[PDB]
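In: piece number one of the complex, untouched:
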Amino acid sequence: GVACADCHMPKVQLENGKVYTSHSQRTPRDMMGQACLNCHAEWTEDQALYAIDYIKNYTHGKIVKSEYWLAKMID
Amino acid sequence: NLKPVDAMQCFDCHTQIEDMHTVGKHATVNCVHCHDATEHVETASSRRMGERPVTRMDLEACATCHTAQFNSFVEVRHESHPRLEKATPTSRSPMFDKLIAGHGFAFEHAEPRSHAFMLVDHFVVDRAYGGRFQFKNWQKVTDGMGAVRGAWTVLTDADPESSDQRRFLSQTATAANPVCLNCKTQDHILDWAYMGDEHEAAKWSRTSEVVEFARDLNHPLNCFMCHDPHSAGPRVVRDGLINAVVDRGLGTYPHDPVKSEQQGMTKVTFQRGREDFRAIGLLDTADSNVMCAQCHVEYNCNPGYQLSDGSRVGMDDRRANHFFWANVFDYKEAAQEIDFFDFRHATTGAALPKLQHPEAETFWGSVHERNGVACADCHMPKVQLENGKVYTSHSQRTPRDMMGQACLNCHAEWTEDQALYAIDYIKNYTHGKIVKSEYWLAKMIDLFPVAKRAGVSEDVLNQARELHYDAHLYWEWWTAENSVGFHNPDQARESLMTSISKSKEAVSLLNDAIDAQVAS
Amino acid sequence: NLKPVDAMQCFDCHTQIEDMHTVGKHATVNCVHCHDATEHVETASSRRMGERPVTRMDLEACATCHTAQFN
């Protein structure tokens, strides 16, 4: 039941104030407290960032190998 | 969901509001945002109110369309230390207890904190309601948003079944009275006659039971204190200020008739039946100096005594709600004009004045004021954004937190460290002279018991008491004023040197008299 | 300074808009905030547009009441 806004345009957190919805649609790296760690209480910011990077590093590896094999065929 | 009402129908009986609403930047804002008038409209005539319509005084009535201004206002500055007593060696007045003995401030006088807390802090300080009111627990002291929502959401009353002012703990006082509240809230703006005079249409007045009045009030610093809700234009609502500037003809800048004319005020009066009831002051310009002067002034808001014969002046007297609208060098004359003083010193017996936060009257004539600078320029500047719509910060706080926007934009010749160093030069020099003024006041005060016990004459003691009035005035102005000299450094210097001069004259007088009695 | 128009006059021909506007959280927001329709009202019929009204598409039309979301 999670949606794009939960990670990319979360509610602002304020010590004292009227809450509103951030309209800065951007990577959760800039707002990890609101976009990630409120749900994932078991993690620190560095741990959550490490989990993102594990996926991105593995996927990019396979994109590069896919391109190597496509290029070999094309040639 | 709000449903709009027929404003044209309202205007068939409300021509005064029509002329303001239809012309300003709130012409498209429907009455339903701030009034529930359904039963009123069913029962009223042009000459009979019928059912009383409800008017919203909560700040959220504005925050719906003006969130940025609301959020910047309610922010709590945690570096503004809370509940910090001024009568301590590390704060503003190390010898305050000796010097103020006989006044209610001896029971407690803390430094200011953020605006969100003004109403709740008024209710809980030890000198105000005998300790009747407390926060619900010690955690609630952090809750600025809660305070704004309503004082009674965060506070408790020790005895809901009684309405008298009394002590609930031993070292408290009951200094609070209805006039105080006019600089904490304007929730009562439709239930209080101009100056708090008695009036058939007023629920509350100068002579009301302040505990009953307190329970009817909720919100701090209403947004409409500086902004008319109907025209959206700049104004003041504080009665005592309108009385000084307009009724007494002193002007917005008493020392500058030209500036007074260019940046003036127009008094607008509202009636109940055919009798005048309340008033506001529309400003010619969006002048923060006069907006902030609704509260950041020296005032009377309390009973006292007459200088002429020593008789009591009670809350029923118009002098119990008074803006002196005078600088430190004109104050004694201003107090003589209304034949008034605040208290008799517990040790010396002198009639003395009580001074409070005179920022507005101090700023007059300073280099910044003479160059057209105003409170807002240093304390609520425009926000600077790389990409965005500009608005005015409503977080009214020290410029130390925003030096780029509140200082260095004007002073391009300085780095932030240099500007801070210039501030500190003034504050350090001024504080040194406050501490020396207190040393000499204390030395004089301590001689009074010695002189009395030595048999010094009442004529000599009265001469010394006359010097004490001046020695006190020219010192306390500066512990009362919040800038530690920054708003007017040359004036602070001249005043504090005058205080020390007066104390020294009294010390010499008394020492000579004691020595003469010993010799005899 | 904006001056409000009579929405009821618009609603006579614009029932779909009436049904949406009167029910939601913009029921108090006047048409003048986003439309200039004076000549339109003078020339339209129930089925023909007449002179075309101006409609504001700029984001600042929302920014005066919703600055935080705009910024």
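Out: Good, I have the coordinates. Residues are numbered from 1 along each chain as shown, chains lettered A, B, ... in the order given.
In: with adjacent residues omitted, what lies nearest to residue A:20?
Out: Nearest residue to residue A:20, sequence neighbours excluded (C-beta to C-beta, 6 or more residues apart in numbering or on different chains): residue C:68, at 4.9 Å. To be clear about C-beta, it is placed using only N, CA and C from the backbone, and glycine gets the same treatment.
In: look up which helix or strand the one you found falls in, please.
Out: Using DSSP states H and E, residue C:68 maps to helix C:67-70.
In: correct me, but residue A:23 touches residue A:8?
Out: No - in this structure residue A:23 lies outside contact range of residue A:8 using C-beta atoms under 8 Å: 10.4 Å.
In: neighbour-wise, which of these two wins?
Out: Using other C-beta atoms under 10 Å in any protein chain shown as the criterion, residue A:23 and residue A:8 rank with residue A:8 on top: 15 against 12.
In: got the contact list for that one?
Out: Taking C-beta atoms under 8 Å, 6 or more residues apart in numbering or on different chains as the criterion, residue A:8 is in contact with A:25, A:26, A:27, A:28, A:35.
In: what residue lies at the spatial centre of chain A?
Out: Nearest to the geometric centre of chain A sits residue A:28, at 5.0 Å (C-alpha atoms, centre = their mean).
In: so it is in contact with residue A:7, correct?
Out: Yes - in this structure residue A:28 lies within contact range of residue A:7 using C-beta under 8 Å: 4.8 Å.
In: find residues that contact each of these two.
Out: A:35, A:36.
In: next, count neighbours for residue A:48.
Out: So residue A:48, with other C-beta under 10 Å, has 19 neighbours.
In: now it: how far from chain B?
Out: Taking C-beta to the nearest C-beta, to the nearest Å as the measure, residue A:48 falls 27 Å from chain B.
In: hmm, that residue is touching residue A:36, no?
Out: Yes - at 5.0 Å, residue A:48 and residue A:36 qualify as touching, with contact defined as C-beta under 8 Å.
In: tell me the most packed of the contacts of residue A:8, by neighbour count.
Out: Counting neighbours by other C-beta under 10 Å, residue A:35 comes out on top of the contacts of residue A:8 with 22 neighbours.
In: what's near enough to touch it?
Out: Going by C-beta under 8 Å, 6+ apart, residue A:35 touches A:6, A:7, A:8, A:10, A:28.
In: wait, the fourth one sits on residue A:23?
Out: Which is residue A:10. No - assessed by C-beta under 8 Å, residue A:10 is found out of contact with residue A:23, at 10.6 Å.
In: and residue A:16, how many neighbours?
Out: Neighbours of residue A:16 using other C-beta under 10 Å come to 18.
In: so what's it up against?
Out: Contacts for residue A:16 (C-beta under 8 Å, 6+ apart) come out as B:74, B:75, B:76, B:116, B:143, B:144, B:145.
In: can I get the helix holding residue C:68 as CSV, trimmed to CA atoms?
Out: Provided in CSV are the C-alpha atoms of helix C:67-70 (Å, rounded to 0.1, in the frame of the first residue of the first chain):
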residue,chain,number,x,y,z
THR,C,67,2.7,29.6,-0.9
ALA,C,68,4.2,26.7,1.0
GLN,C,69,3.2,24.1,-1.7
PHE,C,70,4.3,26.5,-4.5
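In: what's the offset of it from the middle of its chain?
Out: 21 Å (C-alpha atoms, centre = their mean, to the nearest Å).
In: how close does residue A:15 get to chain C?
Out: Going from residue A:15 to chain C by C-beta to the nearest C-beta gives 16 Å.
In: throw chain D onto that model:
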Amino acid sequence: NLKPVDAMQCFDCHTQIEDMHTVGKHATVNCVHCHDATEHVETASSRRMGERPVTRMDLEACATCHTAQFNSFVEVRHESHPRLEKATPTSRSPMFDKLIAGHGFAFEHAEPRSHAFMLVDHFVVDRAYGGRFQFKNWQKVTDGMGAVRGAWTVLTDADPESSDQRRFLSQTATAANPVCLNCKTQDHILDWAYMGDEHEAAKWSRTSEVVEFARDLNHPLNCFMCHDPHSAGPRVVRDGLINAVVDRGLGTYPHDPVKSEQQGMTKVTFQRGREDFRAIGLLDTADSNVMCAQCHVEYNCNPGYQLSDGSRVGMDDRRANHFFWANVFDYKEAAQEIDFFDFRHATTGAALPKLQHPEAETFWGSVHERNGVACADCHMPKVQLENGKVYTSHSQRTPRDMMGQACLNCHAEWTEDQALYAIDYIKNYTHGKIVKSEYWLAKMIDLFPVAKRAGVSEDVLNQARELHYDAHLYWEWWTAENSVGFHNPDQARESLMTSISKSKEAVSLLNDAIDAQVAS
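Out: Once chain D is put in with the chains from before, the structure reads:
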């Protein structure tokens, strides 16, 4: 390399140790880690010690298997300012010299610093040994690890050839006595009888030469003060605490019989021949409130006088080692029960009590204590690790350094800045009332010489001296206590207002009496 001994052989004569060692989490830890008993075993019988075996009291005996707990304990908090005198305008008690005149604390009373230094700081403070002991040079003041290794590795004695207490510099005192050391070290745990009573098997007692005793002691806060070395289970070893809780039947929580029963203590006694000698108190739970109460309490550890007739109470009397185990409102009654006071004020002549660091007795009844919170939760929390084996921090320090683990885990509604602001509200308010209490005490004290010289009667002066006892008690409790109100803010408030009330009553009494003598 250590070589294990036959524990079963030891147990043939040591059944008491067997029953503790074989059951707890030290069942596999061999005696050789802490005892050298080779000659003992060759010469002993079940009824004759033979050669005395050596027992290790150094903390490194535990650090070998428990490095993390040792290192967190010995860490020095450099932000805990060292050798900082409390009797100064910027510290805890700006008027302490006037108020404490007649007591040894006038010579020096610094703020606390890290636990590693407790024994060395006791030895070098100006009020303790007449300046006999110093660090070897001013560089050694930084060396926490060295202090833990042994006091005499970092200190020098001005005269190794004499053992009397005397002044080596003019503005020092000789307040130290053997009872003090029980809250600095337990190196003497096998050489001191319960309460320090005289005993044939005790090398040291209440009446020993404290300079000779000092030279036999080395380590601060031994690890076994809270942990039995044989069972590894939770305990206390401090005699005065066991006496209050068990012997006098007051319980671990005197204000809560149920909590006292659930979180109780069992006294275990060890004999020398057939005579009782020493004792410990095994705890039902690992209760840090009671562990920390071995030292963070108000106590007697000094000679004094009787309230009844003014006669001397010397170190030989059991009252020279006493835990009152009473809150501020029960203390006067507790002192009357043992017919005791500490000193006569140098100016007023009043019999007065001397109060010291009553954190444990202050915490009772506070909102945190009533909700089951304990000292450790705020001052030595569990460590939080992304990946690792959890242990308990032994760096017993302010929660300001670890707000995430010592505050915000419970208070999820707050940011760190908000929690700090709540602490500061309490401390600022409490400090203001301490400063005002001192102002009024000082005003009263200064009237005593005036009254005496005016010929005021002894009956009036004695009435004033009775008020001084209470005015002092209800003030000094809070300068002595280290939280500046945080541990119990409502109690501090009620107490300080009582002090001011008492001082004011005395000031009025004396002023009226002086005025009457002048009039006559």
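In: now with chain D: the neighbour count of residue A:16?
Out: 19.
In: close to chain D: what parts of chain A are there?
Out: Chain A comes close to chain D at residues A:15, A:44, A:46, A:47, as judged by C-beta under 8 Å from any C-beta of the partner chain.
In: switch the cut-off to 7 Å
Out: Contact residues (C-beta under 7 Å from any C-beta of the partner chain) of chain A with chain D: A:15, A:44, A:47.
In: hmm, back to that, residue contacts, the residue nearest to the centre of chain A?
Out: A:7, A:8, A:35, A:36 (C-beta atoms under 7 Å, 6 or more residues apart in numbering or on different chains).
In: run the last query once more with 10 Å
Out: Each residue near residue A:28 by C-beta atoms under 10 Å, 6 or more residues apart in numbering or on different chains is listed here: A:6, A:7, A:8, A:10, A:34, A:35, A:36, A:37, A:48, A:49, A:52.
In: ok, now residue A:12?
Out: A:18, A:19, A:20, A:21, A:22, A:31, A:34, B:71, C:68.
In: using the centroid of chain A, identify the residue furthest from it.
Out: Using C-alpha atoms, centre = their mean, the residue of chain A lying farthest from its centre is residue A:75. It sits 36.4 Å away.
In: please pick the buried ones from the contacts of residue A:12.
Out: For the contacts of residue A:12, a neighbour count by 16 or more other C-beta atoms under 10 Å in any protein chain shown gives the buried set as A:18, A:22, A:31, A:34, B:71, C:68.
In: my read is that the third one contacts residue A:24, right?
Out: Yes - using C-beta atoms under 10 Å as the test, residue A:31 is close enough to residue A:24 to be in contact (8.5 Å).
In: name the surrounding residues that touch stretch A:45-61.
Out: For stretch A:45-61, the external contacting residues (C-beta under 10 Å, 6+ apart) are A:27-29, A:32-33, A:35-37, A:39-40, A:42-44, D:386-387.
In: show me which pair in these is furthest apart.
Out: Using C-beta to C-beta, the pair of the contacts of stretch A:45-61 lying farthest apart is A:27 and D:387, separated by 26.0 Å.
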